[PDB]
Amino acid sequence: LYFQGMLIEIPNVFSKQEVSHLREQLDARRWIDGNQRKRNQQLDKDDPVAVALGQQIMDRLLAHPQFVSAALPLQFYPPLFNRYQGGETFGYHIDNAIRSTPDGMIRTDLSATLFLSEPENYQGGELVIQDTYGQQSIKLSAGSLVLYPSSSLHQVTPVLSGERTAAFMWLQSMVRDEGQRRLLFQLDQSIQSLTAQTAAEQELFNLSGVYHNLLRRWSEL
């Protein structure tokens, strides 16, 4: 779990075997073209395999304690499967703050990309994110996830060779403010480390009480 700047990497969300089973199912579906500057391919949002596998990705992420701690998810925009090859790219843009989903409107606090192609198997296709804190290129291993704020100016550089398949999504967090969400995450991770280091049980409970209190003060459901 790497906390490189403003963005967080969750490695091995799915295994290499699970990624292959995901790809065998996804590759069989009908990849539709589009320009919605952008030129790439996607599975239709209502494709039943896309819907089913997107639910599997959400279930898996919701079963990951570090993901849950870092993002405190309230509601996901259902995963969207995308593909970039032969010069396909998504130019610099800012994501909209509000997005319409099948179960109402959500505030896009965080964006997330699950990689379904190995980085060595495609030239280009880097996810470049740019903020007031800085700039980074992201091209993680198949099964790994990058979680980043939706406010970032970003792009997917052209894939000049091979192909890049990934699941993309947005999510509304229970904690709106990034500063508050990072403080909670910091406190939770200290509690986890102290638990692993066998610290006094009374202090683990006291700190967990502080955490509970802050989450109760700052959450918006």
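Position 1 is the first residue in the sequence shown; the rest follow in order.
Gap check for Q36 to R37: 4 to 9 deposited residues are absent from the model. Mean C-alpha B-factor is higher over 27 to 35 than over the other stretch, the pair under comparison being 50 to 58 and 27 to 35. Stretches compared: 131 to 139, 107 to 115. Higher mean C-alpha B-factor in the entry: 131 to 139. Among the modelled residues of the chain, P78 sits in the middle third by CA temperature factor in this PDB entry. For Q17, the recorded CA temperature factor ranks within the highest third of the chain's modelled residues. Placement of the Cα temperature factor of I94 within the chain: highest third of the modelled residues, per the deposited record. Annotation for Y84: C-alpha temperature factor in the middle third relative to the rest of the modelled chain, per the entry. Ranked by C-alpha B-factor against the other modelled residues of its chain, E178 falls in the middle third.
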